[PDB]
Structure formats: C-alpha cells, structure tokens
Amino acid sequence: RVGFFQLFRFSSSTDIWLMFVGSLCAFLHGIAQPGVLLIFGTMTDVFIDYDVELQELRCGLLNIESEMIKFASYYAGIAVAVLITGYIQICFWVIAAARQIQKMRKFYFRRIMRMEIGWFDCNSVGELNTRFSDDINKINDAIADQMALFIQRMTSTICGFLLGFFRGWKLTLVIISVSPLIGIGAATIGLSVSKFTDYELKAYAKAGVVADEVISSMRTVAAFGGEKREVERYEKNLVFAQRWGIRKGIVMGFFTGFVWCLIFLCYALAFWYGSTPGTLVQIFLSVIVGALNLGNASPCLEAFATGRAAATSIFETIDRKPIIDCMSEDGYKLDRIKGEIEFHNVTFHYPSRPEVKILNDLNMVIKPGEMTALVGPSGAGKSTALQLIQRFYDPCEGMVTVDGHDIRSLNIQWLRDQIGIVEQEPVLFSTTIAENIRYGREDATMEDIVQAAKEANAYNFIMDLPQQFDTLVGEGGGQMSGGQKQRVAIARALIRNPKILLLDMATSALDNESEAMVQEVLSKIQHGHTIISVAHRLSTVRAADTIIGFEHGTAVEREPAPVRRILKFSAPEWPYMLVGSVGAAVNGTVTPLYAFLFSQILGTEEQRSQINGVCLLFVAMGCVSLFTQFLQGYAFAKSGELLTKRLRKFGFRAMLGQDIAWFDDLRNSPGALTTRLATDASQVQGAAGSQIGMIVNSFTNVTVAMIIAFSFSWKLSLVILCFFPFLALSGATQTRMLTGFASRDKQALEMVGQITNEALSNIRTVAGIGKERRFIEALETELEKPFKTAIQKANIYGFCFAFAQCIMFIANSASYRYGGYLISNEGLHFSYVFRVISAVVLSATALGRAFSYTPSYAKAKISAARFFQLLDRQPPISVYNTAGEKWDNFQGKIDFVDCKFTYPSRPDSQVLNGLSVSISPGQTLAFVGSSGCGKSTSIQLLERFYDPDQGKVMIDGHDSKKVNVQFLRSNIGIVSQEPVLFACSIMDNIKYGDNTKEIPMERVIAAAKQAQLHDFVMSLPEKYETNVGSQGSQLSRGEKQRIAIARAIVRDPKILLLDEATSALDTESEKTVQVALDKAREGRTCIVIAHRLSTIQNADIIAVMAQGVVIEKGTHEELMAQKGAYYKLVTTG
Ligand SMILES: Nc1ncnc2c1ncn2[C@@H]1O[C@H](COP(=O)(O)OP(=O)(O)OP(=O)(O)O)[C@@H](O)[C@H]1O
Ligand SMILES: CC(C)CCC[C@@H](C)[C@H]1CC[C@H]2[C@@H]3CC=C4C[C@@H](O)CC[C@]4(C)[C@H]3CC[C@]12C
Ligand SMILES: CC(C)CCC[C@@H](C)[C@H]1CC[C@H]2[C@@H]3CC=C4C[C@@H](O)CC[C@]4(C)[C@H]3CC[C@]12C
Ligand SMILES: CC(C)CCC[C@@H](C)[C@H]1CC[C@H]2[C@@H]3CC=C4C[C@@H](O)CC[C@]4(C)[C@H]3CC[C@]12C
Ligand SMILES: CC(C)CCC[C@@H](C)[C@H]1CC[C@H]2[C@@H]3CC=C4C[C@@H](O)CC[C@]4(C)[C@H]3CC[C@]12C
Ligand SMILES: Nc1ncnc2c1ncn2[C@@H]1O[C@H](COP(=O)(O)OP(=O)(O)O)[C@@H](O)[C@H]1O
Ligand code: VO4
Ligand SMILES: [Mg+2]
Ligand SMILES: [Mg+2]
C-alpha cells in the first residue's frame, strides 16, 4: 500500500488552501453537536429549579418562556453557522480533489505513452484501461468528501468525550484506557482492507482484458460461436473479484459493531466502579454521540484503504523510468542525411521470448538512393530488422548505424521523423480519410493530401465515394477493404516525404493491376529516397537494385422506470436484504429509544437499583449493537456485491448477442463498450451497497422519534413534523439538477475510453508516425469537459447537504419557541413532556445525514437506464434465437440470386449491384476482381453477419434469413482476410476452431501439420503453450495466418471460406500450403478469394467480380480463351 498522505502528490497551493479552509469548517460543524449537548444540559437545570419552586410554592426570578426564547435563539444561530460551515466544508473538499484527480489522470496517460515498445509486450491494454477508469475513481472516492465527513465525525467524537473531561470528570479515564485498543483495531482492519483491495483490483483488471479482446474480435468470436465460452471466462474472472469484496465487507462490518460494544461496555465499567441533573444528561448523551459518530466513520476508513491500494497500483507506473525515452532530448541530430543503414554483428532476442535468437550475427549494407528487397521465409526476422531501424528495441549485442552514427547516440524524435513506414497489415484510426493521411504531416494542406492519394493510387476509389475524402474509415479501418486500407496507409507514409521508406509488404492486399500502378510510382521515386521493401512477388523482387535474403536470422545477398426495473432485477437477493433491513431497523430504533429510557431512569442516588439499571442498559445497547451493526454492514455489502456481478455478467452477455451492424456504429466503439462495462456496474453498486442500510437506519430512526414525540404531545410534534417536507424537497431537487449533469458527463467519459483504447492498442503505429502528443492533447481536451461541471455539482451537493442540517436545527428552534409558549400559557406538568420530547428529537438529529448518499444516486439512475436499454434490444439477426430451419444432412450448396446489399453505416452507395452465382456441393469457386469490389461482402452474407437487402442467398435450397444462425455457422469454417488471434497459447488458438467440445491434442497436431506449422511450434520453448500476445502480435504475420488456417481446418467444415489465406506467406511456403489445402478442399464446397492467381488455377469455377457484379464465369482455360478481364489480370501479373 501507499502512504495515505502520499495521495496528495499532485496538490498545489490552491488545493492546500481549499483543504485547510474545508477542514476548519468541518471542525466547526463537528463541534456544533456538543454545543447542542451543552444547551440541552442547561435547559434541564432550569426546568429542575422551576419545578422545585413550583412544588415548594427566590421566587419569580425565572420565567420559562423567556428562558426558552433564549434557547431557541441559540438554536437558530447554531443553524445558521451549521449551514455556512457545512456548505463550505463539502464544497471546498470536493473541488480540491477534482483538480488533483485530473492532474493524476493526465500524468498517468502522459507517462504511459512514454514507455518503450517492449513494455507494452508485457502490459495489456485492457488492464491499463481498467486502471485509468476505476482505480483513479477509487482514489477520488478516498479524498473527495469522505475526508471532510471523517474530519467532522472525529471532531464530534473527540469533543463529545472531551466535554465529559472538562465537566463531569472521573468517567473519561476509562475511555482513555481503551482508546489505544480502538486505534490499534482500526489500523489492523485498515491493513486487512487494503490487502483485499489488491486482489479485487487484480481480478477486475484480468476481467477487463477478456472483455476488450472479445469486443475487438467479435467477428472472429461470432464466426466460431464462442460467445458462451467468452462469457464463462468473464464470469470466472468476476467471481474472484466478488469473493474478496465480501470479505472486505465482513471485516468492515465487524469494525462498526466492535466500536459500539466497546464504548458502551467501557462506560458500563466506569459507572459500576463509581459510587446536578444537568450533568448526568450530558454524560449519557455524550456516550451516544461518541458511539454513533465513530460508527458512521466506518465508510471513510474503507475508502481510505481502497484508495491506498489503487494509488500504489497507479503510482508504480508514473514513477517508472523507461529504458528507451522518446520525448527526451538527450540525442544528436544530423544534417544532410544520406540514409545509409548498416548492421554490425547484430544479435537480438525478444524480451518476451529471450531463449530464441531472432537475429544471429546479421550484417547488411543498404546503399542510399536505391531499392533493397528483403526476401525470406516466414519467421526469418525481416520484420524485426525494420523495428530495430525504428529503434523500437535495441540489439542484445551489435550496432545499428545511420550514415556511420550509432542508432543509440541519435535523437529519437528526429530519427523517427526521418522514417516513413507502411507496417505489415496496416491499421488506421477512427476519423476521416483526409485526417488519417494528414496524421503524417499536420502542416499538409488539402492539395498535399490529394497528391499523396494520387501517388498511393487512392484518388480514384476515394473520389468514387459518396463523401469524398471525408468518409469515416471506422474503428481500425474496419469499414474499408484491405486494399483500400493499405493504399491509405501508403498515402500516409508518402505525405511525409521521408528519406527512408520501410514498406513491409505494402501491396499484400492489392490485385495485379493496382499493384503494378503502385510499383510504377515506387520505382519512379528512387533518386531521393532510400527504400527497403519486404516482398514476395517476383516482379517486386526484380527491378530491385539489391536483394538481401534472410534465413533463420542470417542475411546473405542475392428506461422509463430505472429504479423499478432494478427493484424487480434484484429479486434473488431478497434473503440478504431481509436480514440487513432487520439489522438496520434495530440499529435505527435504539438511538431515540436510548434517549427516552435514560430520561425515565433519571426521572426527577441509590447504589442498588439506579446504578444497576443504568449499567444493564449500557450492556444491552452494546451487545445488541455489536450484532446488528455487523448484520447491516455485512448483508448490504453482500447484496451489493452479488448485484454488481450479476449486472456485469448480464451486460457482457447481452453485448455479445447483438448483430455485427451494432458493433459497426461509431457510438459502439470497443473503448466505449469497455468503459461502459467497467464503470456502469460500479456506479450502481455505490448506490446499491450499504447505503440502503444507511437509508433504512435513518428512516427508522426518524420514524421512531416522531412516533414517541406524537405519543406525548401531538400539538408540539406537529411543529417538528411540518419541517420534514422540506427535506424531501431538497433531496428531490438535488437529484433533479444532478441527473442532467450525469447525462452529459457519461458521453465524455465514454469518448475518453475510445481515445485510450485506440492509442494504447495501436502504440506501434502511433510511434511509427510519432503522434503521441496528438493523442495526449486529444485526451486532455476531452478530459476537461466533465471538469467544468464538477464545480457546479460540488456547489449543488454542498448546498443541499448544508440545508438539510440547517432545517434540522431550525426545527428544534421552532420547537423550543412553541414549548416556551405552551408551558407558560396553557400547561401543567408539561415540563417533563417537553423534556422527553426534546431528548428524543435531539437524539434523532445526526442520522439525517443520508443526504450524502444522494450525489451518486443521479449516476446510478443513468447507469441503470443505459443497462436496461441494451438488455432489451432485439437485434435483426439474433445469434441467441433458437428458432430457424435446421436440416439433418448438410451438403453445402450455395446460390446467389440477384443479391443487392448496402452497408448500414454507409447507405449512400450499394456494394452488390446484383450478384448471381451458384456453387454445387464439392465444387470450388474462386472470387477474383479489383480491390474493393465486394468479394469480402459476399462472404459476410453467408456467415449471416449481414442480410441482403433485395434478393436472397440460398443454402441447400433454403433462404438464409430463415436458417438458424448457430446451425449455419457451425457448418462453415472461415479464414478472415487479416486474421486475429486471442492472447493465449497456440494450442488454445487452434482449439477455438471447434468450441462446445474438447478437441484431442492429436487432431490439433494433425491440423498444425497440415498448415505447415508443426516444425515452428516444435522449435520453440514451451511448445504448443507459447502465449501469442495481444491479437497474436508476438508472432510473425505468416505464422499467424498459418495458425488461422489450422484453426479453420481443425473443425472439418462442410463449407470452407478462404479470404486471401496466403497474403502474408512467401512463395516457397505458399506452394506447400496450397498442396496441403488441395486435400482440405477436395471433398467440400469452398469459396476462395485471392489476388495471387497462381493458387486458383485448380478451382472448378472462377468468377470475376467487378463493382459487385460477376462479369465472367468459367474455368481457367475457358477464361483465358476469351481474352477477357481474367486474361488481362493474369497477364499484367
Ligand atoms: N513482439 C514479439 N515478441 C516475441 N517474439 C516476436 C515478436 N515479434 C516477432 N517475434 C518472433 O520473431 C520471429 C521473427 O518473425 P518476424 O516478425 O520478424 O517475421 P518475418 O521473419 O519478417 O516473417 P513474415 O513474412 O511472416 O512477416 C518469429 O519467430 C516471431 O514469432
Ligand atoms: C482544524 C483541524 C481539526 C484539522 C486541520 C486539517 C488540515 C490543516 C490538514 C488536513 C489535510 C492536510 C493536507 C493533506 C495533504 C497535503 C499535501 C502534502 O504534500 C503536504 C501536506 C498537506 C498540504 C496537508 C496540509 C494540512 C491539511 C490541509
Ligand atoms: C452566529 C452564530 C455563530 C452564533 C452561535 C452561538 C452559539 C454557538 C453559542 C453562543 C451563546 C452560547 C451559550 C451561552 C450560554 C450558555 C449557558 C451555559 O450554562 C452553557 C452554555 C451556553 C448554553 C452556551 C452554548 C453555546 C452558545 C449557544
Ligand atoms: C422556510 C423554512 C426554512 C422555515 C424558516 C423558519 C425560521 C426562519 C424561523 C422559525 C422559528 C424562528 C425563531 C423563533 C424565535 C425566535 C426568538 C426571537 O427572540 C429571535 C428570533 C427567533 C430565533 C426566530 C428566528 C426565525 C426562526 C428560526
Ligand atoms: C418493531 C420494533 C422495531 C418497534 C420499536 C418501536 C418502539 C421503540 C416504540 C414504538 C411505540 C413506542 C411507545 C409509544 C407510546 C408510549 C407511551 C408513552 O407514555 C411512553 C412511551 C411509549 C411507551 C413508547 C415507547 C417506545 C415505543 C414502544
Ligand atoms: N463495414 C463496412 N461499412 C461500410 N463500408 C464498408 C464496410 N466494409 C467494407 N466497406 C466498403 O464497402 C465496399 C466493400 O468492399 P469489400 O468487401 O471490403 O472489398 P473486397 O472485395 O476487396 O473484399 C468497399 O468499398 C469497402 O470500402
Ligand atoms: O484486397 V481486398 O479490397 O479485394 O480485401
Ligand atoms: Mg513480417
Ligand atoms: Mg476483403
């Protein structure tokens, strides 16, 4: 745990001043209650003197009406002071914490974006997102207003017992004798809670990785039907976190019960050993003041310990010093850079797998102003060489040089500025195309972007879009074709006009014609550029000034009722709310009942009967409180824990059942959904935990107090009851102004999560373009939006909290004035009635602090409304729907009958302008065409990700809209265009091919052998159990593709869909994979999409697609005889 006073590292002078003033006001508000104790003690002696003079009837000197007019004036002054002090106390403390938390978040995100690339290989994005969302929120909970409330309660407790020292002495000695026992207990309990919080936070962080990966790879999850297992993993992570919250609630519910018992038993000990009426009453009331105000301090200690744990978690990251510092200025920068790069005996190991030597004494020379082609098998280390030039890592031994200068002695920012890179399988950011291209150079005008698109061969298809250059590419570029994404990435790298170009397979997803068009300009710009391209095409390899071959590391040349819904939702927790409510009601009854009883025991001496009766009352009120406070604090915490895990599980389950179109909406980005999952459950828990116990306690206390008050004098009680409707008005008015704020803040909070996930998951791309500052500024500019509303919520909360206590004290002032009227004018023996009524009303003053539960009530209502809006949605394509046609014998016959389709996110241009094709069972169809003509769109129709608008897709003579989604998907095996893996072992990534059953390892090994993958996995430490990293990023692209092929093959599907399954492989491995795939596609229907036309000549049918329409259809020989578009496509390549 961190030091508690170390939570204020970010506090400035203004924060210190605010804390000082708020603490002074809290101290005054705390001493306000011993003042009312003194006033109550003074009135009793006056009554005793008046009663004795009446019953003896110094006569006529004292008049009760004037005396209690003075007392009412005292109470009114106390009310005004309490209003002022409470408002300032809450407002200043809430404002001070907000600035510190904002600085903490900005520092956290600014430090995270500075770490070296190797740091992210060991630290998941989901864990960082969960930290940023929830741990800083817990730190805020620790230091916002629980600190002010704890200061006030401690002041009241101290002044309550210190009053018994300065007056009515010889009884506080026993309290001093036991005070270390309270202090020692609260320290050990605080230690226990922090340790529990560490496990809770770790389990919650592990739960956020699963959700993030599933939401990012929903398309893969939906294709293989793994929603059930992903929900199971999420529940497994959540159950561990829920179990520790229960123990935290237990240990914090024992603390509250221990305090009451100890105080009351210690006073019972003090009274029995021992042996004016206005001193006994003060002592009796100080007992309950101390016990009640120590009991209510329990929520603050738990908040402090939770904040300490979250703070050590957050603070470890901020104080870390990165090995490779990009924003630092300790480096040299050259002038007139030639661009020559040289490797000198470079040996490299990856920090995640240090037992494997990726580069072994590698030596190359890359002459400036020439084209160098890196060729080699998958896994030879071609991608690692470029990352070393980028200085993402450093060689274990050896030296990388530019123009003869060591890479380690150069300014990092300048070096990465001089480099433009097209990463293998590029990634774009969620914005318009123009902004994505302008991410390279922010000083680029519109004509610069137009020229960049012209060189990237992107101008034509961009201008053929409904929103030219302003089309939204989507999350990661998902709402684009692979070739379009690649060409936009090429335009991004070319707009910088760099000296060094690193094209890692920059034409992988392009057809022959567009690849030739790109390569023409690439060969044209050679005089002023140093170009290094990883390539597989023979045409790319030729016309290259230098060819360098890689082999194993060596290189050689050549909604409407949120509360009612949650009340119906929390039904299975009735037993725990029943016992908790009983405990809270018993707790609320004793506080005014105690005041009533000690008035009876005092009445108006004896060692035998009076002392014993007082002592037994203390023992009973100690033991019963010990049990019932524990019951309340444990049962309500358990109910909250159960409710929040059910909320989280059901939200995750409901998210997975939505259609793919839902996941494509810009309001449903993966970051936003993860932020929804992480935060909306905690907010409902905050209102749904022990706060219901507090509310029940307060309501029962007030009800019992007024019940006893009405049974003595209904005339006086009506005055006090009349003030209560003011409490309902202010509380309802508080939530009314706060729900409007909570609606506007959640949108900003969700959009902040979008920025964090986008930047942290694409850190390699961000470092490649070198736009860390851009994302920092974007996150900062969106973090300020709730910050302006924070001060207004602080003012509203402070005013309502102060006004509640002000009304409580004004009620007593009015009651005193009315009693002054009543006793003098029309009253006999009424002095005792007013005494007991004032006693019970006085003792029912403090528990009206349930107004501090309210400021989170506005948040919980919005969170519940949003949770129930999603839980009720009915997707057009329901994977959870059990209704649909399911026939026994599946044959894999596919028919397209005049299919017309438009993407919902882009409804101004349809991508399938009538598509008619038929594949007989056992045949193979090869889809060929230009980049972006709709080949992948047709595949998504078969998987039922989308439904055709006009037309139908027929499977075995059945319309696809009437076929069961699960049944249809269980018979299809798909290799996506750029496949994504899960952060697990290789065996688990292969075993995902067939969920709902356990695949034996023999079948996994056979599938891996088929995909030409067994030798690579065998040559690794931890064979078949190596973690592949996030999205399979700790592997080469070819190995990831081969794992995907094995995953598709292992399930043995009736229909096999391959969407460019060799785009990352080299020719030598491609031939072996094709030979193995021929057996895979020998007894089943298959659809093949390929820009490599050497792998489709064996296909039964070759259909050429153009703008969503088939133009030619036939075999290889027939299509070459026609000299059509297929012949041109083959010839140009
Ligand atoms: N971040 C990483 N952590 C650990 N190992 C990695 C990481 N990135 C790559 N590797 C490993 O380094 C080796 C070299 O693969 P590399 O990524 O350099 O591909 P490549 O040889 O250029 O091939 P391809 O054509 O498939 O991209 C592989 O064994 C790969 O698993
Ligand atoms: C009136 C009595 C009873 C209570 C007074 C409490 C006040 C004076 C206390 C409570 C919280 C305290 C602050 C807590 C944190 C900070 C930041 C730290 O880096 C230095 C100390 C400093 C600046 C403290 C100054 C004193 C402080 C403001
Ligand atoms: C404007 C605000 C700050 C005024 C607040 C005044 C209050 C807090 C002060 C001012 C006068 C004070 C009272 C003056 C005299 C008596 C009688 C004495 O035997 C017991 C204390 C008692 C009952 C005092 C209690 C506290 C008191 C009521
Ligand atoms: C609108 C809601 C908040 C009701 C407000 C009632 C307030 C304003 C009223 C109710 C009882 C009133 C008090 C009753 C008796 C006296 C004694 C007199 O010698 C001085 C004024 C003083 C102390 C009054 C001040 C105003 C008072 C406190
Ligand atoms: C079910 C439990 C929790 C209910 C507890 C309510 C208790 C504290 C209340 C409810 C009704 C109350 C009684 C109402 C009327 C009378 C008569 C009066 O001359 C003295 C007080 C006395 C005797 C009250 C004592 C306290 C009392 C019994
Ligand atoms: N989810 C989507 N939302 C909107 N437009 C999309 C989406 N996916 C693809 N597109 C666009 O619609 C067209 C469909 O082409 P696509 O199927 O991606 O091409 P290809 O035939 O190369 O696989 C392209 O213009 C592409 O940019
Ligand atoms: O390279 V494509 O636009 O046919 O996925
Ligand atoms: Mg590579
Ligand atoms: Mg595609």
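Within every chain, residues carry numbers counted from 1 in written sequence order, not necessarily those of the entry, while residues missing coordinates are excluded from display. Chains carry letters from A onward and ligands carry numbers from 1 onward, assigned in written order. The basis for every side-chain value is the complete set of non-hydrogen atoms in the structure, without hydrogens or water.

Looking at where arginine 391 falls in the secondary structure, it is placed in the loop between α11 (382-389) and β4 (397-402). A C-alpha to C-alpha distance of 32 Å links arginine 391 and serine 514, two positions 123 residues apart in sequence. Here a residue-residue contact requires only that any non-hydrogen atoms of the pair lie within 4.5 Å. Leave out the neighbours within four places in its chain, and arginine 391 touches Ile324, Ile407, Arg408, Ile412, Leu415 and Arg416. Secondary structure elements follow DSSP: runs of H or I of four or more residues count as helices, runs of E of two or more count as strands, with numbering from the N terminus.

Right, let's talk about the UniProt feature "binding site: ATP 2" in the protein chain for a bit. UniProt positions are given in the numbering used here, feature names are shortened, and annotations may be inferred rather than shown by experiment. UniProt records the feature "binding site: ATP 2" for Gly929, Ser930, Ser931, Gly932, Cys933, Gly934, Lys935 and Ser936 in the present numbering. Checked against the element boundaries, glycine 929 lands in strand β14 (residues 924-929). Since its relative accessible area comes to 3%, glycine 929 is described here as buried. Once you skip the residues sitting within four places of it in the chain, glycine 929 turns out to touch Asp511, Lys935, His1091, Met1105 and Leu1129. Note that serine 930 resides in the loop between β14 and α31 (935-942). Among the residues examined, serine 930 registers a relative accessible area of 44% and is labelled partly exposed. The contact partners of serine 930, leaving out residues within four places of it in the chain, are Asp511, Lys935 and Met1105. Three exposure classes are used, based on accessible area relative to the maximum for each residue type with a 1.4 Å probe and protein chains only: buried under 20%, partly exposed in between, and exposed over 50%.

Before going further, it helps to examine the coordination of the magnesium ion (ligand 8). Protein coordination at the magnesium ion (ligand 8): the donors are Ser383 (OG) and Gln424 (OE1), at 2.0 to 2.1 Å from the metal. Within this pair, whereas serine 383 is found in helix α11, its partner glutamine 424 is found in the loop between β6 (419-422) and α13 (433-438), the two being separated by 41 residues in sequence. On the basis of relative accessible area, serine 383 is assigned to the partly exposed category, the value being 29%. You can call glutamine 424 buried: its relative accessible area is 13%. Donors, by definition, are the N, O and S atoms found within 2.8 Å of a metal, the threshold being 3.2 Å for Na, K and Ca, and water is not counted, so a site can look incomplete.

Moving on to the pattern of salt bridges. We define a salt bridge as a side-chain nitrogen of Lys or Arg found within 4 Å of a carboxyl oxygen belonging to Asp or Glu. Taken as a whole and judged by the stated rule, the model has 40 salt bridges. Of the charged contacts, one joins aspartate 872 and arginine 565 as a salt bridge, the two residues approaching to 3.1 Å between their closest N and O atoms. For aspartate 659, the salt bridge is made with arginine 873, and the minimal N-O distance between the two is 3.3 Å. Of this pair, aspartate 659 sits in the loop between α21 (609-656) and α22 (660-663) while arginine 873 sits in the loop between α30 (857-871) and β11 (894-901), placing them 214 residues apart in sequence. Here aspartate 659 falls in the buried class, since its relative accessible area comes to 7%. Of the residues examined, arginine 873 reaches a relative accessible area of 34% and is grouped as partly exposed. By sharing partners, the salt bridges in this structure join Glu213, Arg229, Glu230 and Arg233 into a single network.

Neighbouring ligand 3 are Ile39, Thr42, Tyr74, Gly77 and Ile78. When residues are grouped by polarity, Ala, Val, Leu, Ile, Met, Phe, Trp, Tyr, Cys and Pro land in nonpolar, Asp, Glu, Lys and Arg in charged, and all others, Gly among them, in polar. Class assignment of the residues belonging to the shell around ligand 3 gives a composition of three nonpolar, two polar and no charged. In this text, near means that some heavy atom of the residue lies within 4 Å of the molecule or strand in question.

Another aspect to go through is the nonpolar core. Residues enter a nonpolar core if they are buried and are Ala, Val, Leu, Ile, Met, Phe, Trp, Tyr or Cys, with the set joined through side-chain atoms within 4.5 Å. Core analysis: the largest hydrophobic core is formed by 144 residues, its most contacted members being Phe343, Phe550, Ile990 and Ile1096. If one sorts the elements of this core by residue count, helix α2 (residues 64-112) sits on top with 12 residues. Ignoring anything within four residues of it in the chain, the contact list for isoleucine 990 reads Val1004, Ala1008, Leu1013, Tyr1024, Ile1043, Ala1046, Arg1047 and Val1050. Listed in part, the 81 residues of the second largest apolar core include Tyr75, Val287, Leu617 and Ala839.

Attention shifts here to the pairing of strand β7 (residues 500-504). Across the five residues of β7, five count as buried, placing the element largely inside the fold. The alternating pattern of β7 places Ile500, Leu502 and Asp504 on one face and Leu501 and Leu503 on the opposite face, and all of these are buried. In this scheme, strands are said to pair when DSSP sees at least two bridges between them. Pairing of β6 with β7 involves four bridges; the strand directions are parallel. What sits directly across from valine 422, in β7, is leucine 503. For β7 and strand β8 (residues 530-534), the ladder comprises five bridges, and the chain directions are parallel. Residue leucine 502 lies in a different strand from β8, and its bridge partner there is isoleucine 532. Consider the strands pointing away from the viewer: the crossover is right-handed when the path from the first strand over the helix to the second runs clockwise. On the question of chirality, the crossover connecting β7 to the parallel β8 by way of helix α17 (residues 512-524) is right-handed.

With that settled, consider the domain arrangement of the protein chain. Note that domain bounds follow an automatic or database assignment of domains. In terms of domain boundaries, the protein chain breaks down into domain 1 (4-322 + 589-871), domain 2 (339-418 + 499-514 + 525-558), domain 3 (426-497) and domain 4 (974-1054 + 1061-1078). Taking only C-alpha atoms into account, the centre of domain 1 sits 60 Å from that of domain 2. Contact with domain 1, which involves eight residues of that partner, is made by seven residues of domain 2. Reported buried area values correspond to the accessible surface (1.4 Å probe) lost by two parts on association, with both partners' losses combined. Taking both sides of the interface into account, the surface hidden between domain 1 and domain 2 amounts to around 620 Å²; carbon and sulfur atoms contribute 48%. If you look at where domain 1 meets domain 2, you find zero salt bridges. In protein, a polar contact means a hydrogen-donor-capable atom and an acceptor-capable atom, both N or O and within 3.5 Å, with residues adjacent in sequence counting only if both atoms are side-chain atoms; elsewhere, any N or O pair within 3.5 Å suffices. Here domain 1 is connected to domain 2 by two residue pairs in polar contact. Broken down by secondary-structure element, the contributors of at least two residues to the side of domain 1 that touches domain 2 are α3 (117-120), α27 (763-769) and α28 (772-825).

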